[PDB]
Each structure stands twice: as C-alpha cells, then as structure tokens.
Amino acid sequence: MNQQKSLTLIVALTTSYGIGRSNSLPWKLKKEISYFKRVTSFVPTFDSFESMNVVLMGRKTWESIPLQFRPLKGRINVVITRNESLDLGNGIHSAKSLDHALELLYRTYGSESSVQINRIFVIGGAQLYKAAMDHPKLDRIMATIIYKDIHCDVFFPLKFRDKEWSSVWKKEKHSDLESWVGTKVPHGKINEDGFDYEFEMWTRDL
C-alpha cells in the first residue's frame, strides 16, 4: 500500500528552466492555465463516474492559488507539508511528504470509497518537483515550454530536455500527447500576450 500508479509532473518553464519568480508566476498564460485545468481534470468518460485525478503541490504553490480557485475543482488536492500545524480545508489533505501523501490517498481512497482516483499529478513547485524527480514512480513530464527568457528566481530541478538526460527522457509524438490527454491540443507554438510557448510530453522507463 504505497505506490501503484504512476506520477505525472506538470509544469510551465522557460528554455532556461525558470518556473517562477518571487514565489509567483511571472507570466499571464490564461490559455496555458486552461491546458492545465483541462489536463488535470481529464478522466475518461466511462470512468467519469467514480474517478477523480489527484493534484499534489507544495505549501507555497497552495498559497499561490487565488482564494477564488482553491481547492482546484474536480480534483483531489493534497498539500505536501512537514510544517503542518493545522492545514485549513474541508477535505484538503495534508501529507508530510510525497510518499505519505501517496498512502493517505491509497488509505483514504480505496475500494471502500465511492470515490476513486485515476491520475495523480505533481503540480509544483520547485522542492516538490525535486522529490518527484527522485521518486521511482515518476515517468511522465507534461511540460509547457516558453520561448522567452523570463527572469525567474526558482528553477526546475532536473534539466530533463538536455542532452545529458537524453537517454532517459524522451519527448513523445504530438499524437501520444493528445491521446494521453484524451483531447486534441495545439501543435506548434502558441503566442499569448508576448510569450511564445508550446506543450510537450517527456517520458522515462522506470
């Protein structure tokens, strides 16, 4: 009872691995955020009945979610926090680490629940990305790449797209991405108020 399913990571990072700035998102990518929403909510219709996805985030990302958009709707949220004094949420779990999170869900959401889980996502930030990257169940990176050098204070832990990791991490066909995400997605670059971006799916053999 601990690790059964895979772990998917999802990020928006610039060519230089910058993922944030001043504990915040230094860019307004409203359709980028719809991809996000889209991706993280998607459950196959036949399963659309009992099944839900799980979004894992570090304490800081949680604070970065507008009160308006918290918890993420249609998804099980789990905030990773050691410094859990008292989390504040009506069915918004608090795990002390990534594997603890994973046995809480497995514990709290099994056969005896009218609520199941399909997919689990690590939706950030930096430190949580780090531990996701070392976890033996992480095999897929749903990354959005912005072709703009935006000054970021926090960087993505592993340079997964670079040549040094090019024997592990492979970028899948646009086809594979869409199928996985179940719905069609923009191919090529998407310009949205200044930044040039694009969607990619990286996969690794566990």
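Residues carry their position along the shown sequence, with the first being 1. Rigid core (definition): largest C-alpha set, two forms, superposition within 1.5 Å.
Problem set entry | Which of 81 to 89 and 101 to 109 strays further in 6 other deposited structures of this protein - Cα RMS after rigid core alignment | When 81 to 89 and 101 to 109 are compared in 6 other deposited structures of this protein, 81 to 89 lies farther out.
For this session: Determine, for 30 to 38 and 46 to 54, which one has C-alphas that on average lie farther from this form in 6 other deposited structures of this protein; superpose on the rigid core first.
Result: Higher average C-alpha offset in 6 other deposited structures of this protein goes to 46 to 54.
Problem set entry | Residue stretch of maximal mean CA temperature factor, 35 to 43 vs 154 to 162 | Here the higher of the two C-alpha B-factor means belongs to 35 to 43.
Exercise. Can you tell me which stretch has the higher mean Cα B-factor, 66 to 74 or 139 to 147?
Worked result: Higher mean C-alpha B-factor: 66 to 74.
For this session: Go through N118, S97, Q127, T108 one by one and give the residue whose Cα B-factor in the PDB entry is largest.
Result: Answer, based on the entry's C-alpha B-factors: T108.
For this session: Using the B-factors in the PDB entry, rank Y197's C-alpha atom against the chain and give the third, lowest, middle or highest.
Result: It belongs to the middle third of the chain when residues are ordered by C-alpha B-factor.
Problem set entry | Chain thirds of CA B-factor: placement of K171 | Answer is lowest: the recorded C-alpha B-factor places it there.
Exercise. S6's Cα B-factor: lowest, middle or highest third of the chain?
Worked result: Middle third - that is where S6 ends up once the chain's C-alpha B-factors are sorted.
Exercise. Considering only modelled residues of the same chain, in which third does the CA B-factor of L25 rank: lowest, middle or highest?
Worked result: Highest third of the chain for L25's C-alpha B-factor.
For this session: Would you please rank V122 by its C-alpha temperature factor against the other modelled residues of its chain and give the third it falls in: lowest, middle or highest?
Result: It belongs to the lowest third of the chain when residues are ordered by C-alpha B-factor.
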